[PDB]
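Chemist: Let me begin by handing over the structure; questions about it come next.
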Amino acid sequence: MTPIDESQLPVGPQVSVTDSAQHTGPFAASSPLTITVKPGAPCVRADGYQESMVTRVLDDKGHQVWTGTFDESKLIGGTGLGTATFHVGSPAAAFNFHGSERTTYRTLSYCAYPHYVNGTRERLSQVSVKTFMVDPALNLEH
């Protein structure tokens with residue numbers, strides 16, 4: 001019942017969101033984006049078996065716009081050392097990006113059980129944050 005320390009938990013899963021063009025921000029409002037998070041740390045359950053990779057995004061107001069989960073268990077002998085990619089898609093669709101100016105988003109990810117908890121929370125591995133900006137008028141075409 002104490003506050004876990006960074007030295008008590010393993011490393012956190014890297015966060016990197018890029019489009020099909022594998023470019024950086026600002027991104028195009030009419031352009032789909034993909035969130036690619038790397039392991040780096042041995043993520044597993046109590047028994048030592050992979051659980052899942054959580055990845056959600058928060059708007060500028062601090063409201064979660066996106067959310068996803070990957071089944072690390074699928075990785076054979078991975079031990080929580082596999083890359084996790086999610087087809088988020090366009091920012092206006094996935095990140096209900098309803099703005100006419102350069103906005104600043106924030107993505108996060110962690111190896112926490114996908115199941116629901118009574119009230120308290122738990123962190124099996126560190127957490128990484130990745131901020132990205134989007135442009136409402138950058139590129140319309142593909």
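Letters A, B, ... go to the chains of the structure tokens in the order shown; residues in each chain start at 1; ligands are counted from 1 in the same order.
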Run DSSP on the backbone and give me the residues of chain A it puts in strand (DSSP E), as a ChimeraX atom specification.

Modeler: /A:14-19,27-28,33-38,53-58,64-70,84-89,103-110,128-135

Chemist: Please list as a PyMOL selection string every residue within 10 Å of residue A:138, counting only C-alpha atoms and excluding residues in the same chain fewer than 4 positions away.

Modeler: chain A and resi 26-31+134

Chemist: Of the candidates A:139, A:69, A:34, A:2, which shows the shortest atom-to-atom distance to residue A:87, using only C-alpha atoms?

Modeler: A:34

Chemist: Extract, using only C-alpha atoms, all DNA, RNA and protein residues at most 7 Å from stretch 48-56 of chain A, discarding same-chain residues fewer than 6 positions from it, and format them as an MDAnalysis selection string.

Modeler: chainID A and resid 64 66:73 79:80 107:114

Chemist: Which residue is closest to residue A:58? Choose from A:94, A:21, A:1, A:9 and count only C-alpha atoms.

Modeler: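 Closest residue, counting only C-alpha atoms: A:94.
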
Chemist: Just list as an MDAnalysis selection string whatever in stretch 3-139 of chain A DSSP marks as alpha helix (DSSP H).

Modeler: chainID A and resid 91:94

Chemist: For the selection you just gave me, I'd like the residues written to a file as an mmCIF file, in the first residue's frame, keeping N, CA, C and O atoms.

Modeler:
data_model
loop_
_atom_site.group_PDB
_atom_site.id
_atom_site.type_symbol
_atom_site.label_atom_id
_atom_site.label_comp_id
_atom_site.auth_asym_id
_atom_site.auth_seq_id
_atom_site.Cartn_x
_atom_site.Cartn_y
_atom_site.Cartn_z
ATOM 1 N N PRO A 91 -6.399 11.994 -37.061
ATOM 2 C CA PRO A 91 -6.479 12.679 -35.768
ATOM 3 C C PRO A 91 -7.873 13.227 -35.487
ATOM 4 O O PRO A 91 -8.343 13.203 -34.350
ATOM 5 N N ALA A 92 -8.530 13.722 -36.531
ATOM 6 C CA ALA A 92 -9.873 14.274 -36.396
ATOM 7 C C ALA A 92 -10.887 13.181 -36.078
ATOM 8 O O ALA A 92 -11.936 13.446 -35.492
ATOM 9 N N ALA A 93 -10.567 11.951 -36.468
ATOM 10 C CA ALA A 93 -11.450 10.817 -36.222
ATOM 11 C C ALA A 93 -11.115 10.138 -34.899
ATOM 12 O O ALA A 93 -11.982 9.961 -34.044
ATOM 13 N N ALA A 94 -9.851 9.757 -34.738
ATOM 14 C CA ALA A 94 -9.401 9.098 -33.518
ATOM 15 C C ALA A 94 -9.258 10.096 -32.375
ATOM 16 O O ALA A 94 -9.710 9.845 -31.258
#

Chemist: Pick out the residues sitting within 6 Å of residue A:33, and hand them over as a ChimeraX atom specification; count only C-alpha atoms, and ignore anything fewer than 4 positions along from it in its own chain.

Modeler: /A:18-19,88-90

Chemist: As a compact mmCIF listing (two decimals) with N, CA, C and O atoms, in the first residue's frame, please: the residues near residue A:132 (cut-off 9 Å, only C-alpha atoms, same-chain neighbours under 3 positions excluded).

Modeler:
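Full text of out-v9.txt as output:
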# COMPACT_ATOMS: atom_id res chain seq x y z
N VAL A 17 4.48 7.96 -32.29
CA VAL A 17 3.36 7.96 -33.22
C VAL A 17 3.76 8.58 -34.56
O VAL A 17 4.18 9.74 -34.61
N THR A 24 7.21 13.07 -39.01
CA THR A 24 6.93 13.65 -37.70
C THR A 24 5.87 14.74 -37.79
O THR A 24 5.25 14.94 -38.84
N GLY A 25 5.66 15.45 -36.69
CA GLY A 25 4.68 16.52 -36.67
C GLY A 25 5.25 17.85 -37.12
O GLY A 25 6.47 18.03 -37.21
N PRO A 26 4.37 18.81 -37.41
CA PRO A 26 2.92 18.61 -37.31
C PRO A 26 2.39 17.66 -38.38
O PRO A 26 2.92 17.60 -39.49
N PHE A 27 1.34 16.92 -38.04
CA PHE A 27 0.74 15.97 -38.97
C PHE A 27 -0.47 16.59 -39.68
O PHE A 27 -0.90 17.69 -39.34
N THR A 103 -2.37 22.16 -32.56
CA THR A 103 -2.67 21.68 -31.22
C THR A 103 -1.57 20.75 -30.70
O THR A 103 -0.77 20.23 -31.48
N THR A 104 -1.54 20.55 -29.39
CA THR A 104 -0.54 19.69 -28.78
C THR A 104 -1.19 18.51 -28.07
O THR A 104 -1.92 18.68 -27.09
N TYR A 105 -0.93 17.30 -28.57
CA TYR A 105 -1.50 16.09 -27.98
C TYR A 105 -0.48 15.39 -27.10
O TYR A 105 0.70 15.76 -27.07
N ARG A 106 -0.93 14.37 -26.37
CA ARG A 106 -0.06 13.61 -25.48
C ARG A 106 -0.45 12.14 -25.47
O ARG A 106 -1.58 11.79 -25.10
N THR A 107 0.48 11.28 -25.86
CA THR A 107 0.23 9.84 -25.89
C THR A 107 0.98 9.13 -24.77
O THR A 107 2.08 9.53 -24.39

Chemist: What separation in Å, quoted to one decimal, exists between atom CA of residue A:47 and atom CA of residue A:14?

Modeler: 23.8 Å

Chemist: What does the structure give for the distance between atom CA of residue A:77 and atom CA of residue A:129, in Å to one decimal?

Modeler: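 Interatomic distance here is 26.7 Å.
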
Chemist: What's the separation between atom CA of residue A:135 and atom CA of residue A:98, in Å to one decimal place?

Modeler: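 Answer for the atom CA of residue A:135 to atom CA of residue A:98 separation: 10.5 Å.
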
Chemist: I'd like to know which of A:3, A:59, A:81, A:117 is closest to residue A:44, using only C-alpha atoms.

Modeler: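 Using only C-alpha atoms, residue A:44 sits closest to A:81.
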